[PDB]
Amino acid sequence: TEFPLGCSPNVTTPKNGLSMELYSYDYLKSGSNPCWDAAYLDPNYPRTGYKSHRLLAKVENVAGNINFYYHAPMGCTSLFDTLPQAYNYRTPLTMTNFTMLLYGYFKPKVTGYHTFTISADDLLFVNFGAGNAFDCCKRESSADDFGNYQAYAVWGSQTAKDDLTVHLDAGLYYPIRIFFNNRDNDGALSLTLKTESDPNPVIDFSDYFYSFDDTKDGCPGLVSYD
């Protein structure tokens, strides 16, 4: 979808950052082969399966550079460490093995083609646009109804759709859903943005990520090109 749908909330002062939910991703019982839980590859794990795991936290105002590489001291071992400051989550968690969901809206600074590139260890699935991620100012009621991933990356796969190239309007806020899993060992998440008019890739999304309350009527985008 080259021209994803955006949204036009009625809001004077939009809330900065995305929402985040963290969930457990336990290893299998010691002695299993392989050591890691394979659930993360199930088509419905990112839709409702993660809800069968333990909720670790719901966090707000996630903004900044969300990229990280975590080097596990050893494999098949649950080890504790911390996320980058952008995640607004300061306490140690099992960086070797966890599930993370981010959602909210992306606001472009300049109208035009935007290329988002992703890489992950182990898994990063991205939905982008109204409908595809969720409905405009109707997130809660459409939360589990996201469509085909606009980008996806899975460690060890002949993966692909490591990028998404879309025409965006600076006047709209675009629903975005980012689903991450580390099954074991090293963990890594990279999201970057390249615009056609700007020479430097963007890695700090401080000014681009927003959250909005849902409304009875919704807030469909008021920019259209056909």
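Rigid core (definition): largest C-alpha set, two forms, superposition within 1.5 Å. From 1 onward, residues are counted along the sequence shown.
Averaged as a root mean square over residues and superposed structures in 4 other deposited structures of this protein, CA distances to the shown form are larger in 28 to 36; the pair compared was 167 to 175 and 28 to 36 with a core fit. Once the structures in 4 other deposited structures of this protein are superposed via the core, the pair 157 to 165 and 194 to 202 is resolved in favour of 157 to 165 as the more displaced stretch (C-alpha RMS).
As listed in the deposited structure, the average C-alpha B-factor of 44 to 52 and of 183 to 191 is greater for 44 to 52.
Mean CA temperature factor is higher for 194 to 202 when stretches 194 to 202 and 171 to 179 are set side by side in the entry. When all modelled residues of the chain are sorted by CA temperature factor, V110 is found within the middle third. In the deposited entry, the Cα temperature factor of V62 places it in the middle third of its chain's modelled residues. In this PDB entry, the Cα temperature factor of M74 sits in the top third of its chain's modelled residues, the highest group. Looking at the C-alpha B-factors along this chain, the one for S19 belongs to the lowest third. Sorting the modelled residues of the chain by their CA temperature factor places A151 in the middle third.
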